[PDB]
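Below is one structure, written out as C-alpha cells; comments come after it.
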Amino acid sequence: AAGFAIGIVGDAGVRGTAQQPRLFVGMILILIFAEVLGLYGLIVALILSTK
Amino acid sequence: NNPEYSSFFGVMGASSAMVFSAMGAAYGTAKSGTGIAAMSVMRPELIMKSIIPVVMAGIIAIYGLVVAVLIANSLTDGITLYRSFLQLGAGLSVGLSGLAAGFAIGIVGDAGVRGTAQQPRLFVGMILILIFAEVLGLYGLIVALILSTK
Amino acid sequence: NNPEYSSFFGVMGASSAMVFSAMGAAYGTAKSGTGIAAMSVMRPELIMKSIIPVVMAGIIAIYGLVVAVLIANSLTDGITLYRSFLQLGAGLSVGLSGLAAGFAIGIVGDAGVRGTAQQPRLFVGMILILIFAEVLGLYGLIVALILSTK
Amino acid sequence: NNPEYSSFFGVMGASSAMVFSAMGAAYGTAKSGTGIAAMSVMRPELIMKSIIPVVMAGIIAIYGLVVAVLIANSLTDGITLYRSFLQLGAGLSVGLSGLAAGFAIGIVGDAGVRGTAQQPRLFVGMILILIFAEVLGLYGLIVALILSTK
Amino acid sequence: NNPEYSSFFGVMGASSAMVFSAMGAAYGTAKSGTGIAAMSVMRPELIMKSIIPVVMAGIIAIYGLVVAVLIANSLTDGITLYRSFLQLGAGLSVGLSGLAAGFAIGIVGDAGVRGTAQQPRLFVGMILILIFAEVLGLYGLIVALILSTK
Amino acid sequence: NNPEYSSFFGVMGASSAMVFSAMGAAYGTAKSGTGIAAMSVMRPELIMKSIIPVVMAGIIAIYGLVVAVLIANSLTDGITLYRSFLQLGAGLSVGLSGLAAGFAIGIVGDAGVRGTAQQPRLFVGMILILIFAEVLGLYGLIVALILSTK
Amino acid sequence: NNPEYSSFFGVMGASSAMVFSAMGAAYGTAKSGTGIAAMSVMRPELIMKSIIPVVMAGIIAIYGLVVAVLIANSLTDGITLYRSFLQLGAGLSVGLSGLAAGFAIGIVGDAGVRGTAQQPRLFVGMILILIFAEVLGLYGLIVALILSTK
Amino acid sequence: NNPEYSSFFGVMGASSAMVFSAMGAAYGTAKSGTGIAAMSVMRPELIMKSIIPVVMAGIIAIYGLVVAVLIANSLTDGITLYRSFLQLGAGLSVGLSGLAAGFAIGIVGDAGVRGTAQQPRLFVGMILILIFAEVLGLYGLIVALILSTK
Amino acid sequence: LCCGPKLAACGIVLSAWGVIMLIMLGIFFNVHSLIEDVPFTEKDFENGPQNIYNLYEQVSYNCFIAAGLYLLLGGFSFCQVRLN
Amino acid sequence: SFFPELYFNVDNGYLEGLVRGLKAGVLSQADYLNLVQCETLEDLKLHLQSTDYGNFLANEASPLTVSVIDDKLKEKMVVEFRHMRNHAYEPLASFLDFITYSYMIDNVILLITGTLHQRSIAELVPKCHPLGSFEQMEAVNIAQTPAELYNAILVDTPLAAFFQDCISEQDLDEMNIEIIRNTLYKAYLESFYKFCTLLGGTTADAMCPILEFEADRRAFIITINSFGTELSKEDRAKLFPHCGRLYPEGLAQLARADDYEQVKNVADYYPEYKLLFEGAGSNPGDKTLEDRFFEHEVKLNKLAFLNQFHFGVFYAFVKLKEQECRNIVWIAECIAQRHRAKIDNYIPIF
Amino acid sequence: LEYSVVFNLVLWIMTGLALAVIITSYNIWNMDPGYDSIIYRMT
Amino acid sequence: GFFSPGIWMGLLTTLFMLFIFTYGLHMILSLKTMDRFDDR
Amino acid sequence: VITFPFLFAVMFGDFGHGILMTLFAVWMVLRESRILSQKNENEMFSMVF
Amino acid sequence: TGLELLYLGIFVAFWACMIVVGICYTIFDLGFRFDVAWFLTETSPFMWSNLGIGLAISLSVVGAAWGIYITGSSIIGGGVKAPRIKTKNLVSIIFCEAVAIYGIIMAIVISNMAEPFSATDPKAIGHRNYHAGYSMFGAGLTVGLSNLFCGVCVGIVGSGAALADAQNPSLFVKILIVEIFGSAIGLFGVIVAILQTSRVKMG
Amino acid sequence: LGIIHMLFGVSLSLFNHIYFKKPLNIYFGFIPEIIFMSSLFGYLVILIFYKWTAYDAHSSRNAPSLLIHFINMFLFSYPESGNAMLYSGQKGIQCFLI
Amino acid sequence: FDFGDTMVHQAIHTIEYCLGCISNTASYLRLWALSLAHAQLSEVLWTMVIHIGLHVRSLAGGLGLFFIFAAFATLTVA
C-alpha cells in the first residue's frame with residue numbers, strides 16, 4: 001500500500017516541482033505520510049511476531 | 001479443549017486491520033497528492049492548507065493501527081475461538097470501514113483542492129466534507145473496539 | 001448442546017452492518033463532494049446548502065453504527081446459532097440496504113447540486129428526492145431491528 | 001427433529017426481500033433524479049410532476065419491506081426446513097422481481113422526464129409505462145405473499 | 001430397482017432443450033425484427049419478404065419443443081438412469097444445436113434484409129442460406145430423437 | 001460386471017459431436033452470409049457462386065451428424081466403459097475439430113467473398129483455401145471413426 | 001490390476017493431438033486466407049504462390065492426425081496406466097505445440113503476404129520464417145513419437 | 001512401492017518443456033515476422049540479416065526439445081517419484097523460462113528490426129540485446145539439466 | 001595505449017585499494033592460522049589442527065599474488081595518466 | 001455480436017429515438033421539388049414553413065438574403081446537436097466529442113494565422129464555427145502571443161494530443177497553414193477510427209465504413225489537387241490516413257502519381273471507387289469527382305440509419321443535415337442569382 | 001473431525017479477503033491523476 | 001469430509017442470491033451522471 | 001554538524017566503507033583549489049563537492 | 001473493463017480449480033469421494049422445489065421488465081416528434097406484461113404442489129418426492145429462463161416497431177407480426193414446464 | 001537514541017519561548033509536552049537499560065518482555081499471571097505515569 | 001482575538017504532537033532498519049562474490065582472486 005502511495009505522489013510531485021519549486025516542501029510532507037504507512041506495517045509485524 | 005486453527009481467525013484480524021486501512025490511507029494520500037500538485041503550481045500560497053486531506057488520511061491508518069495492536073496483544077495459544085472470531089470481525093470492521101473512508105477522503109480532497117485553487121471560499125466546505133469522511137472512519141473504530149473487548 | 005463456531009455469523013453481521021453502511025455513506029459523500037467542488041466554485045453562496053447530500057450520507061453511516069453496536073451487545077459465547085443467523089440477517093439487511101441508499105444519495109447529490117446552481121428552484125426537488133434515499137436506508141434499519149431482537 | 005441450519009435459509013429470505021428491493025429502488029431513484037436534475041433547469045415548472053418516477057421506485061422498496069418483515073415475524077428456532085425454504089423462495093421472488101422493476105422505473109423515468117419537457121403530450125404515456133413497471137413489482141409481492149403460507 | 005435421483009438428468013434434458021432453443025429463437029427473432037424495422041422505414045414493399053427469417057427462428061423453438069415434450073412425457077420416477085442420460089444428451093443436443101442455428105439465423109437474416117433493401121436480387125440468396133441454418137437446427141433434432149428412443 | 005453411469009460419457013460424445021459441429025457450421029454460415037449480403041449489393045451476379053463457403057460449412061455439420069448417430073447406435077446400457085470413453089473421444093474429436101474448421105471456413109469465406117468481388121481471379125484461390133478447411137474437418141472425422149470402432 | 005480411468009487419459013491424448021492441431025491449422029488458415037484476399041486486389045499474379053502458408057498450416061494438422069491415429073491404434077482395455085500417461089503427454093505435446101505453430105504460421109503468413117505484395121524480395125524471407133514455425137511444430141511430433149512408444 | 005500414478009508428473013514435465021518452449025519460439029517468430037515484413041518494404045538489403053531473431057527463437061524451442069527428450073528417455077513405469085517430481089520441475093523450469101525468453105526475443109526483435117531500418121548502426125546493438133534473452137533461455141536449460149540428473 | 005585518463009585514473013584507485021586490502025587480508029590469514037573461517041577445509045577432517053594452519057598459509061600466499069597483479073595494474077594505469 | 005441490443009438502451013435509448021425522430025424531419029425529394037418551384041426567396045421561406053423548417057426567419061430584416069438564411073440553418077442544427085450532446089453520458093458523449101473535434105480543428109487553424117499576423121482573439125472568435133465553443137480561457141486573452149496560444153492549446157484544449165505531430169511552435173511558423181491542418185485532421189481520423197474499433201460492436205461495423213471512405217476519398221482528392229502546387233511527394237504521403245482501403249497498397253501509387261490518369265488507375269483496383277471516377281464525367285457542363293463523392297458519402301450515411309443500436313446514427317445525422325443545409329443554401333443562391341438551369345445540383349438525401 | 005467447518009470457513013474467508021485486496025490494489029494501481037494541469041506539458 | 005449437506009446447501013443458495021446481488025450492483029456501478037446541463 | 005553525521009554513521013556503521021567515505025572527502029578537500037577554481041558542469045560532482 | 005476482467009478471472013480460476021480437483025480425484029484413485037448421488041440426495045427437495053418456484057416467477061419478471069425499458073426509452077424518444085406513437089406502440093409493453101404473467105401462472109401452479117415429507121433418512125425414503133422435487137425445479141427453471149429470453153426478444157423488436165411507426169404510421173401493423181412470434185417463445189416454455197410437472201406428487 | 005534525541009528537540013523549545021516572553025507557551029505548552037513525552041517514552045528508555053542490568057540468564061525463563069509491558073502499560077492491563085514484572089511496585093508506577 | 005480559531009489551532013497542535021510522539025518514536029526504527037540492511041547487503045556481497053576468489057588451488061586462486069576482487073570492489077561501491 002505504501003509503495004502505491006509513494007509512487008503516485010512522487011510522479012505528481014517531481015513533475016510539479018519543476019513547474020513550481022515551491023512544491024518541494026509539500027512533496028516531502030506527502031512522501032513522509034506515505035512512508036509512515038509502511039512504518040505502521042512494521043510496527044504491527046514487530047508486535048505480532050514477538051507475541 | 002481449544003480447537004487448533006482457532007488463532008488463525010484473530011491473527012488475520014490483526015493484519016487485516018492494518019492492511020485494509022493502510023490501502024485506504026494510501027489511496028487518500030495518493031489521490032490528494034495529485035490534486036495538491038495541480039493547485040500548488042497554479043498558486044503555491046495554499047500549499048500549507050491543501051495538505052489537510054493527507055493528515056486526515058493518516059489518522060485513518062492510525063485507527064487501524066490501534067486495533068491491530070489491541071488484537072495482537074490479545075492473542076494467545078489457548079484461545080477460546082469465540083474471542084478469535086470477535087478479533088477477526090473487529091479487525092475487518094475498522095480495516096474495511098477505514099478503507100471506505102480512505103476513498104472518501106481522497107476523492108473529495110482532490111476535487112476540493114482543485115476547486116479551491118480557483119475559489120478560496122471553497123476551503124471551509126472542503127473541511128466539513130473531510131470531517132464526515134474522518135467520522136466514517138471513526139465509526140469503524142468504535143465498533144471494532146466494542147467487538148474486540150466483548 | 002449449542003453448536004460450536006455459532007458466533008461467527010453474528011460477528012460477521014456486526015461488522016457487515018458497519019462496513020457496508022460506511023461504504024454507502026463514503027460513496028455518497030465522495031460523489032456529493034465532487035459536485036460541490038465543481039458547483040460552488042462559481043456560486044459559493046450555495047456552499048452551505050449543497051452540503052446536505054453529505055449529511056444524509058452520514059445518516060446512512062449511523063444506521064450502520066446503531067445496528068453494528070446492537071448486534072455486538074447481543075453476542076455471547078454460548079449462542080444457539082439460531083440467534084446468530086438472525087444477527088447476520090439484521091447486519092446485512094441494514095448494511096447492504098444502506099449501501100444501495102448510498103448510491104442513490106451520491107448520484108442524486110451530484111446531479112442535484114450542480115443542477116441547483118444552474119437552476120435554484122431545483123433545490124427543494126433535490127432534497128425531496130434525497131429524502132426517498134434516506135427512507136430506503138431506513139427501511140433496512142427497520143428490518144434489521146426486527147430481526148436483531150427476534 | 002429439526003435439520004440444523006433450517007433457520008439459516010429463512011432469514012436470508014427476509015434479507016433478500018429488503019436488500020434487493022432497496023437496490024432496485026435506489027437505482028430507480030438515482031436515474032430519475034439525474035433526469036430530473038437535467039430537465040428541471042430549463043423547465044422548472046415540471047419539477048413537481050417529474051417526481052412520480054421516484055415515488056414508484058420507493059413503492060418497490062415497500063414491497064420488499066412487507067415481505068422482509070412478514071418473514072422476520074415468521075421465524076422461530078424449531079423451523080422444520082420445509083418452512084424455511086418457502087420463506088427463502090418468497091424473499092428471492094419479491095427481491096429479484098422488485099429489483100428488475102426498479103431498473104425499469106429508473107430507465108423509463110429518466111427518458112420520460114426528458115421527453116415530457118420536450119413534448120408534454122408524452123406525460124400520460126410516461127405514467128402508463130411506469131405503472132406497468134410497478135405492476136411487475138406488485139406481481140413479485142403477490143406470489144411472495146402466497147408462498148409464505150404454503 | 002430403479003435408483004433414486006435418476007430422473008434428475010432427464011429433467012435437465014427436457015429443460016435444456018426448451019431453454020436453449022428459446023435462446024436461439026429469441027435471438028434470431030430479435031435480430032430479424034430489428035432488420036425488418038430498419039428496412040421498412042426505407043421501403044415497405046419488401047416487408048413481407050423479410051418475415052421468413054422470423055419463422056426460421058420460430059422453427060428453432062419448435063425443434064426444442066419436440067424433444068422437450070418427448071422427454072417430459074417420458075419422464076417418470078422409476079427411471080433406469082440409462083434412459084435419463086439419453087434424455088440429457090438428447091435435450092442438450094437439440095437445444096445447443098438449435099441455439100447455434102438460431103445465432104446463425106439472426107446474423108444472416110439481419111444482414112440479408114439490409115442487403116436485399118439495397119439489392120432486390122439478393123432475395124433468393126439469403127433464403128438459401130437460411131435454409132442451411134434450418135437444416136443445422138434439424139440435425140440437432142435428428143440426433144436428439146435417435147437418443148431419446150434408444 | 002459393468003459400472004453404473006458408464007453410458008454418461010458415451011452419450012455426451014453423441015451430443016458433443018453434433019453440438020460442436022453445428023456450432024462450427026453455424027459460425028461459418030453466419031460469417032459467410034454476412035459477406036455475401038454485403039458483397040452481393042455491388043456484384044449481384046456472384047450470388048450463385050459466393051454461396052460455396054456456406055456449403056463447405058454444412059459439410060462440417062454432416063461430419064458431426066454422422067459420428068453422433070454412430071455413437072448413438074453403438075451406445076448401450078451394458079457398455080464396458082472402455083467403449084464409452086472411446087465414443088466420448090470420438091465425439092469430441094470430430095466436434096471440436098469441426099468447430100475449428102468452421103472458424104476457418106467463416107473467416108476465409110467472409111474475406112474471400114468480398115475479395116472475389118474486388119478481384120475475379122481470386123475465385124480459384126478462395127476455393128483452394130476453403131478446400132483446406134474442409135480437409136481440417138475431415139481429419140477430425142477420420143480420427144473419430146477410428147476411435148468409435150476401436 | 002489395471003485402473004479403468006486409465007483409458008480416459010489415453011483417449012484424451014488421441015483427441016488432444018487432433019483437436020489442438022486443427023485449432024492451430026485453422027487459425028493459420030484463417031489469417032493466411034484473409035491476407036491473401038486483401039493482397040489479391042493489387043497483385044493477383046501472386047495468388048497461387050501465396051497459398052503456401054495455408055499448406056504449412058495443414059501440415060500442422062497432419063502432425064496431429066498422425067499422433068492421434070498412432071495412439072488410437074495403441075488404445076486397448078488392459079492399459080497399464082503408465083502407457084496412458086505417455087499417450088496423454090504425447091497427445092498434448094504434439095497438439096499444443098502445433099497450436100503454437102499455427103499462430104506463428106498465421107501471423108507471419110498474413111504479414112508476409114501483405115508485405116510481399118509490395119516487396120517481392122520478402123517472399124524468400126517469408127518462407128524461411130514460416131519454415132521455422134513448421135520446424136517448431138515438428139518438434140512437438142518428435143516428442144510425441146518418443147513418448148508414445150516408451 | 002511408489003504410487004502407480006507417480007509417473008504422471010514426469011510426463012507432464014516432458015510435455016510442458018516442449019509446449020512452453022515452442023510457444024515462446026512461436027511468439028518470438030510471429031513478432032519478428034511482423035516487423036520484418038514492414039522493414040522489407042522500406043529496404044530489401046536488411047531482409048537477410050533480419051532473420052536472426054527468428055533463429056534465436058528457434059534455439060529457445062530446441063532448449064525445450066532437449067529436456068523433453070531427456071525426461072522421456074528417463075521416465076519409466078517403476079519411477080522413484082522423487083525423480084518424477086524432478087522431471088516435472090525440470091520440464092517447467094526450461095519451458096517457462098524459454099517462454100519468457102521468447103517474449104524478450106519477440107519484442108526486442110520487432111523493435112530492433114524496425115529501428116534498424118532507420119539506423120543501420122542499431123543492428124549490432126539489437127543482436128547484443130537478443131543475446132541476453134538467449135542467455136536467459138539457457139539459464140532455464142541449466143537448471144532443468146541439474147534437476148533432470150539429480 | 002591511452003584508453004582515456006578518466007578510466008586509467010579509476011584503475012589507479014582500484015589498484016591502490018586492492019593492494020591495501022589484499023596485503024592486509026593475507027596477513028590476517030597468516031596471523032590467525034580466524035574470523036573468516038572459510039579456507040575450504042576438507043570434509044575428511046582428521047584430528048590434526050596443523051592441517052588448518054597449512055590451509056590458511058595457502059590462502060595467504062594467494063592473497064599476495066592478487067596484490068602483485070594490482071601492483072602491476074597500478075603501474076600501468078599510473079603511466080597512462082601521466083602520459084595522457 | 002450480443003454486445004449491443006442489451007445495455008445500449010439503458011442510457012442511450014432516449015437519444016436513439018430522438019435523433020431518428022429528428023432525421024424524419026429532413027427534406028425529402030418531394031419537398032425539394034416544392035422548394036425549387038419558387039423563383040423568389042420569400043416564396044422559398046413560405047414553402048419551407050411547410051416542414052420542420054420555418055418560423056426561424058421571422059423577426060429578421062424584411063428583405064431576405066442568402067447570407068441570413070445560411071447562418072440561420074447552421075444555428076438550427078447546432079442547437080439540435082448541442083441538445084443531444086448535453087443530454088448524454090460518457091459512453092456516448094465521447095463519440096460526439098470526436099464530431100466536435102473536427103470543427104475545433106478548423107477553428108484553432110483560424111486562431112493561429114490570426115495570432116501569427118497580430119489579430120486579437122476577440123475579433124477571431126465571432127467567426128469560429130459553432131461547436132468549437134472553447135469555453136476554456138487561456139486560449140482567450142493570449143495577448144497575440146503564439147506561445148501563449150500553443151501553451152493554452154497543449155494544456156486546456158482537447159486537441160492537445162493531436163498536435164503531437166505538429167509541435168514546438170517551430171512547426172507552426174515553418175509549416176504552411178494548410179499542411180498543418182491537414183496533418184492535424186489525419187491524426188484526428190486515426191484516433192477516431194481506433195476509438196470506433198474499440199467500441200467493437202454494431203458501431204464499429206456501421207461507423208468504420210464511413211471513416212474508411214473519408215480516408216480514401218481525401219487521399220484521392222489530395223493527390224489530384226496537389227498536382228499543380230509545390231509539395232514534396234513524401235510530405236504529401238505524410239497526409240494520407242492509414243484507416244482505409246488504400247493503406248495496405250495503393251497510397252504508394254498515389255504518392256508517386258503526377259497525373260489524374262495515374263490516380264484513376266489506382267481507383268481501378270477498387271470498383272466501389274472506379275464507378276465514381278467513371279461517373280464523374282468532368283465535362284464542361286457535367287458533374288465532377290467531388291460531386292460523385294458527396295453522393296456516395298450520403299449513401300453511406302443513410303445506410304447508417306439501418307442499425308438501431310449504435311452511435312453511428314448520430315454521426316450520420318450531423319453529416320446528412322449539414323448536406324441538407326448545403327442543399328437549401330444552394331437553392332436559395334440559385335434563386336437569388338437567377339440560374340434556374342443549375343438548380344438540380346443538390347445532393348438528394350432521400 | 002469437523003474438518004468441513006474449518007475448511008469451509010477458512011476457504012471463503014481468505015478468498016473474499018484476498019479478492020478485496022486484489023480489487024482495492026487494482027483501483028489504486030490505476031489511479032487517474034487527471035493527466036492535466038502540468039502533465040500535458042511534461043508529456 | 002470437505003463439505004456437509006448443511007454447508008453445501010448453504011453455498012448453493014448463497015451463490016444464486018450472490019449472482020442476483022452481482023447483477024444488481026453491476027448495473028448500479030455502471031451508472032453515470034451528466035457532464036453538463038443543457039441550458040439556462 | 002554533529003547530530004546528522006552521527007545519525008548517518010549509525011545507519012552506515014561500516015568501518016571499511018567509512019574509510020572509503022573519509023578518503024573521498026579528503027581527496028576533494030586536497031584538490032579543493034583545483035576543483036573550485038575550474039568549471040564543473042556536472043551538477044552531481046558539484047553537489048558532493 | 002475492470003468488471004469484465006474480474007468476471008473473467010473468477011470464471012477461469014473457478015473452472016481451472018474444478019479441472020485440477022476432478023483430475024486429481026481420478027489420478028489418486030479416491031474412493032469415489034466425488035459422489036454426485038450424495039450431492040443430489042442430501043440436498044433437500046424443498047430447496048430444489050422452492051428455488052424453481054422463485055426462479056419461475058422472478059426470472060419472468062426480469063425478462064418482462066427488461067423488455068419494458070427497451071421499448072420505453074425508444075417510444076418516449078420517438079414520441080418527442082411523433083406523439084401518435086403512444087396510441088399503438090404501448091402494446092409492446094402489454095406483450096412484456098403478458099410475458100411476466102406466463103411465469104406467474106406457472107409459478108403458482110407449481111407452488112400449489114409443495115408439501116412436507118416428514119422424512120429423515122433419504123435411503124429408500126421419498127423416491128417419488130425426489131422426482132417431484134427435481135421436476136418442479138426443472139419446470140420452474142424451464143419457464144423462468146424461457147420467459148426471461150422471451151421478454152428480451154419482444155423488447156428489442158418493440159423498439160424497432162416504435163422507431164418505424166415514428167416515421168411511417170403504416171408500418172406498425174405489419175411489424176406487429178414479429179412480436180407475436182416473440183410471445184410464442186414464452187408460451188412454449190410454459191407448455192413444457194406444465195408437462196414436466198404433469199405427473200408429480202409431494203408427500 | 002530516538003527518544004533521547006526527541007527530548008533534546010523539545011528542550012530547545014523552552015529557550016525559544018523564553019526569548020519571546022511567552023509564559024503561556026511554557027506554562028501550558030512546554031511543561032506538559034515534555035512531561036507527556038517523558039512519562040511515556042522516557043520511561044520506556046529507563047526500562048530498557050534496567051532489563052540489561054537487572055536480569056541475567058538465571059531468569060531467562062519467564063524473563064519479562066519489554067514490548068508487552070509497554071503495551072500493557074498504556075492499556076492499564078495487569079493480568080494476574082502470564083507475565084513477570086520488572087520490579088516490585090511497577091504496577092503503581094505504570095498506572096501513575098499514564 | 002478569534003477565540004474559535006485559536007481553540008482549533010491549539011487543538012490541532014496537541015493532536016499532532018501526541019500522535020506524532022508515537023509515530024516519531026517509531027520513525028527512528030529507520031536507524032535499525034537501514035543498519036540491518038547494510039550489514040545484510042554487505043554480507044551477501046562478501047559471501048557470494050569474494051568467497052569465490054579463494055580456492056585450494058594456488059595459482060588459480062591468486063589469479064582468480066584478482067579478477068573476483070575487482071568485481072567485489074565494483075559491487076561494493078555500486
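Naming works like this for the C-alpha cells: A, B, ... for the chains as they're shown, residue 1 at the start of each chain, ligands 1 onward in shown order.
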Self-check item: Who sits within 7 Å of range 74-84 of chain O, only C-alpha atoms, same chain under 3 positions skipped, as a list in words
Solution: residues 62, 63, 64, 70, 71, 95 and 98 of chain O
What lies within 10 Å of residue 163 in chain N using only C-alpha atoms, ignoring chain neighbours under 2 positions off, as an mmCIF file with N, CA, C and O atoms, in the first residue's frame?
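See out_38.cif below for the written result:
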data_model
loop_
_atom_site.group_PDB
_atom_site.id
_atom_site.type_symbol
_atom_site.label_atom_id
_atom_site.label_comp_id
_atom_site.auth_asym_id
_atom_site.auth_seq_id
_atom_site.Cartn_x
_atom_site.Cartn_y
_atom_site.Cartn_z
ATOM 1 N N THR E 34 -35.233 -6.415 -35.788
ATOM 2 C CA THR E 34 -34.513 -5.158 -35.900
ATOM 3 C C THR E 34 -34.273 -4.827 -37.363
ATOM 4 O O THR E 34 -34.551 -3.706 -37.825
ATOM 5 N N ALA E 37 -37.571 -3.763 -39.173
ATOM 6 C CA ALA E 37 -37.979 -2.399 -38.878
ATOM 7 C C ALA E 37 -37.045 -1.413 -39.555
ATOM 8 O O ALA E 37 -37.480 -0.372 -40.075
ATOM 9 N N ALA E 38 -35.747 -1.720 -39.558
ATOM 10 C CA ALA E 38 -34.788 -0.820 -40.181
ATOM 11 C C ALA E 38 -35.061 -0.676 -41.671
ATOM 12 O O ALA E 38 -35.012 0.430 -42.216
ATOM 13 N N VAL E 41 -38.662 1.276 -42.798
ATOM 14 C CA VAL E 41 -38.672 2.733 -42.872
ATOM 15 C C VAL E 41 -38.268 3.188 -44.266
ATOM 16 O O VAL E 41 -38.827 4.144 -44.814
ATOM 17 N N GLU J 16 -31.470 7.671 -29.134
ATOM 18 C CA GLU J 16 -31.682 6.953 -30.382
ATOM 19 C C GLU J 16 -33.054 7.280 -30.962
ATOM 20 O O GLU J 16 -33.192 7.556 -32.162
ATOM 21 N N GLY J 17 -34.080 7.268 -30.116
ATOM 22 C CA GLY J 17 -35.404 7.637 -30.580
ATOM 23 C C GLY J 17 -35.467 9.082 -31.025
ATOM 24 O O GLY J 17 -36.090 9.406 -32.040
ATOM 25 N N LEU J 18 -34.817 9.968 -30.276
ATOM 26 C CA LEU J 18 -34.904 11.388 -30.590
ATOM 27 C C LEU J 18 -34.215 11.689 -31.911
ATOM 28 O O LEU J 18 -34.773 12.368 -32.784
ATOM 29 N N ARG J 20 -33.497 9.777 -34.426
ATOM 30 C CA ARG J 20 -34.205 9.275 -35.595
ATOM 31 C C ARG J 20 -35.492 10.061 -35.824
ATOM 32 O O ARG J 20 -35.913 10.265 -36.971
ATOM 33 N N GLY J 21 -36.117 10.532 -34.747
ATOM 34 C CA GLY J 21 -37.215 11.471 -34.903
ATOM 35 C C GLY J 21 -36.780 12.755 -35.584
ATOM 36 O O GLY J 21 -37.515 13.330 -36.391
ATOM 37 N N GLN J 308 -30.156 0.079 -35.429
ATOM 38 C CA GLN J 308 -30.941 0.775 -34.423
ATOM 39 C C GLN J 308 -30.261 0.795 -33.064
ATOM 40 O O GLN J 308 -30.829 1.334 -32.109
ATOM 41 N N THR N 71 -38.277 -0.878 -24.799
ATOM 42 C CA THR N 71 -39.234 -0.189 -25.649
ATOM 43 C C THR N 71 -39.665 1.131 -25.042
ATOM 44 O O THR N 71 -40.017 2.047 -25.781
ATOM 45 N N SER N 74 -37.284 3.804 -26.284
ATOM 46 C CA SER N 74 -37.430 4.057 -27.715
ATOM 47 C C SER N 74 -38.731 4.801 -28.000
ATOM 48 O O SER N 74 -38.770 5.738 -28.806
ATOM 49 N N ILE N 75 -39.812 4.379 -27.347
ATOM 50 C CA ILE N 75 -41.111 5.009 -27.543
ATOM 51 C C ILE N 75 -41.074 6.453 -27.084
ATOM 52 O O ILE N 75 -41.578 7.347 -27.765
ATOM 53 N N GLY N 77 -38.492 8.431 -26.670
ATOM 54 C CA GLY N 77 -37.633 9.204 -27.545
ATOM 55 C C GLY N 77 -38.316 9.578 -28.840
ATOM 56 O O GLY N 77 -38.341 10.749 -29.220
ATOM 57 N N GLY N 78 -38.869 8.594 -29.537
ATOM 58 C CA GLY N 78 -39.530 8.873 -30.794
ATOM 59 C C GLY N 78 -40.712 9.804 -30.620
ATOM 60 O O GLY N 78 -40.980 10.673 -31.458
ATOM 61 N N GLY N 79 -41.432 9.624 -29.516
ATOM 62 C CA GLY N 79 -42.623 10.399 -29.255
ATOM 63 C C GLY N 79 -42.372 11.883 -29.166
ATOM 64 O O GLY N 79 -43.327 12.667 -29.197
ATOM 65 N N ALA N 82 -43.173 12.400 -32.680
ATOM 66 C CA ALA N 82 -44.372 11.713 -33.142
ATOM 67 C C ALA N 82 -45.279 11.294 -31.991
ATOM 68 O O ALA N 82 -45.321 10.111 -31.637
ATOM 69 N N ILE N 85 -47.379 7.906 -31.392
ATOM 70 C CA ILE N 85 -46.807 6.595 -31.112
ATOM 71 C C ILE N 85 -47.511 5.931 -29.933
ATOM 72 O O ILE N 85 -47.876 4.749 -29.981
ATOM 73 N N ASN N 89 -48.120 1.776 -29.946
ATOM 74 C CA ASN N 89 -46.933 1.024 -29.549
ATOM 75 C C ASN N 89 -46.918 0.647 -28.080
ATOM 76 O O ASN N 89 -45.986 -0.038 -27.648
ATOM 77 N N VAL N 157 -37.666 -6.104 -30.356
ATOM 78 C CA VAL N 157 -38.492 -5.925 -31.537
ATOM 79 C C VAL N 157 -39.413 -4.733 -31.349
ATOM 80 O O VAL N 157 -39.586 -3.927 -32.265
ATOM 81 N N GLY N 158 -39.996 -4.577 -30.161
ATOM 82 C CA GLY N 158 -40.872 -3.441 -29.931
ATOM 83 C C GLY N 158 -40.158 -2.120 -30.135
ATOM 84 O O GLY N 158 -40.763 -1.132 -30.561
ATOM 85 N N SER N 159 -38.862 -2.083 -29.837
ATOM 86 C CA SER N 159 -38.089 -0.869 -30.078
ATOM 87 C C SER N 159 -38.087 -0.531 -31.558
ATOM 88 O O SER N 159 -38.294 0.628 -31.953
ATOM 89 N N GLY N 160 -37.814 -1.531 -32.394
ATOM 90 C CA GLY N 160 -37.839 -1.299 -33.828
ATOM 91 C C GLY N 160 -39.204 -0.846 -34.302
ATOM 92 O O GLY N 160 -39.321 0.039 -35.157
ATOM 93 N N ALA N 161 -40.258 -1.420 -33.725
ATOM 94 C CA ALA N 161 -41.615 -1.045 -34.099
ATOM 95 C C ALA N 161 -41.880 0.414 -33.786
ATOM 96 O O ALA N 161 -42.494 1.128 -34.582
ATOM 97 N N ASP N 165 -42.762 3.232 -36.566
ATOM 98 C CA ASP N 165 -44.007 3.984 -36.516
ATOM 99 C C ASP N 165 -43.752 5.473 -36.383
ATOM 100 O O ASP N 165 -44.519 6.283 -36.915
ATOM 101 N N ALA N 166 -42.679 5.856 -35.691
ATOM 102 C CA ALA N 166 -42.381 7.277 -35.563
ATOM 103 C C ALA N 166 -42.296 7.948 -36.924
ATOM 104 O O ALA N 166 -42.623 9.132 -37.054
ATOM 105 N N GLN N 167 -41.862 7.212 -37.944
ATOM 106 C CA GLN N 167 -41.594 7.814 -39.241
ATOM 107 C C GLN N 167 -42.679 7.481 -40.252
ATOM 108 O O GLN N 167 -42.885 8.239 -41.205
ATOM 109 N N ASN N 168 -43.364 6.356 -40.078
ATOM 110 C CA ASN N 168 -44.419 5.969 -41.001
ATOM 111 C C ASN N 168 -45.519 5.195 -40.291
ATOM 112 O O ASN N 168 -45.320 4.031 -39.925
ATOM 113 N N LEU N 171 -46.533 1.336 -40.907
ATOM 114 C CA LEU N 171 -45.638 0.196 -40.724
ATOM 115 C C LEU N 171 -45.982 -0.607 -39.475
ATOM 116 O O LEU N 171 -45.629 -1.791 -39.374
ATOM 117 N N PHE N 172 -46.655 0.015 -38.508
ATOM 118 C CA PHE N 172 -46.874 -0.651 -37.231
ATOM 119 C C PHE N 172 -47.548 -2.003 -37.423
ATOM 120 O O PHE N 172 -47.118 -3.012 -36.847
#
Report as a tab-separated table: every residue of range 27-86 of chain C with an atom at most 12 Å from range 13-33 of chain L, its closest pair of atoms, and their distance in Å to one decimal, counting only C-alpha atoms, with rows sorted by chain and ascending residue number.
residue	atom	partner	partner_atom	distance
C:27	CA	L:29	CA	10.9
C:31	CA	L:33	CA	10.1
C:32	CA	L:33	CA	11.6
C:34	CA	L:33	CA	11.8
C:35	CA	L:33	CA	10.3
